[PDB]
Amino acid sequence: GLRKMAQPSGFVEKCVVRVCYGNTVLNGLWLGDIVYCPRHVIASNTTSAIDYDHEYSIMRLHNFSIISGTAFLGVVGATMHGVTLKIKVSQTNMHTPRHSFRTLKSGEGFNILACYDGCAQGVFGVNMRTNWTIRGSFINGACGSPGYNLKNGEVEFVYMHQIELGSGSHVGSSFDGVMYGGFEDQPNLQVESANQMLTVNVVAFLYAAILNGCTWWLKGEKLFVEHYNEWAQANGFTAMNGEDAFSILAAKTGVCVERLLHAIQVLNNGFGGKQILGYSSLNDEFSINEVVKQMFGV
């Protein structure tokens, strides 16, 4: 089978805190002696354009309350970096995991720990879409929820939740304070670009299908990558690139990528009542790495 999994959340859970300032509560991430959180926690009035330089100049540190579980942390300073605050606290988080910070590229997979009131409530794997939004399930109080990847025994922190667009899509920032997609932490209408289906992931999905004995859709005709990309630009798919990355899957199956590109074109019109590993339509949720990991443990 093929299931969209999250990487385990235990290491990240110990870092989530509640950040309160004046009349707002949201979540922060406590690493070392710093708590990271969205800067709009200090905005007194969010019904019109926020002058964050002004809000920062009037910010008073005694209005913060930072809570780890049931313990209060002492706040000693706070600086603004893009759309984030780095709040310096008086104790080191002794549960800080081995970590780094990374900025997601388009299509890259990660995990969201959905937090409310400083406490984790759900965890899920997700992909950064080409329009720099994600389909999260975030409601009131979710800001500051962290996105992460586990790699080589290290936690990479990649996302801090910030806003919900009118479409229902979700936008966050890196921990550098750069909002994905250049969206603003401002209460005005913002519209995202059209989403594209991630071709590299659909291809990985079709390989997984072959490996599971689901091959009714597979045919012998190939479609060259340059010809597929001409078709993809006009039909809402990303272009194919990095074909060599599929070598492990092509070897195990004996099916070249260009035969799967041909399949994408035909199956984009619908499955006609058939299913591929349980889906009634093409699926771009799984990367090459996830397919290889779940089928072969590599």
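So that there is no doubt, residue numbering starts at 1 and follows the sequence shown.
Hey, which bit's got the bigger mean C-alpha B factor in the entry, 33 to 41 or 56 to 64? If you average the C-alpha B-factors of 33 to 41 and of 56 to 64, the larger mean comes out for 56 to 64.
Select between 81 to 89 and 210 to 218 the stretch whose C-alpha atoms have the higher average B-factor in the entry. Mean B over CA atoms: larger for 210 to 218.
Position of residue 2 among the chain's modelled residues by C-alpha B-factor, lowest, middle or highest third: Residue 2: CA B-factor falls in the highest third of its chain.
Determine, from the deposited record, the chain-internal third of the Cα B-factor for residue 153: lowest, middle or highest. Ranked within chain, residue 153 CA B lands in the highest tercile.
Chain thirds of CA B-factor: placement of residue 226: It belongs to the highest third of the chain when residues are ordered by C-alpha B-factor.
Split into thirds by Cα B-factor across the chain's modelled residues, where does residue 169 land: lowest, middle or highest? According to the entry, residue 169 has a C-alpha B-factor in the chain's middle third.
In terms of the chain's CA B-factor thirds, is residue 9 lowest, middle or highest? Its C-alpha B-factor belongs to the lowest third of this chain's values.
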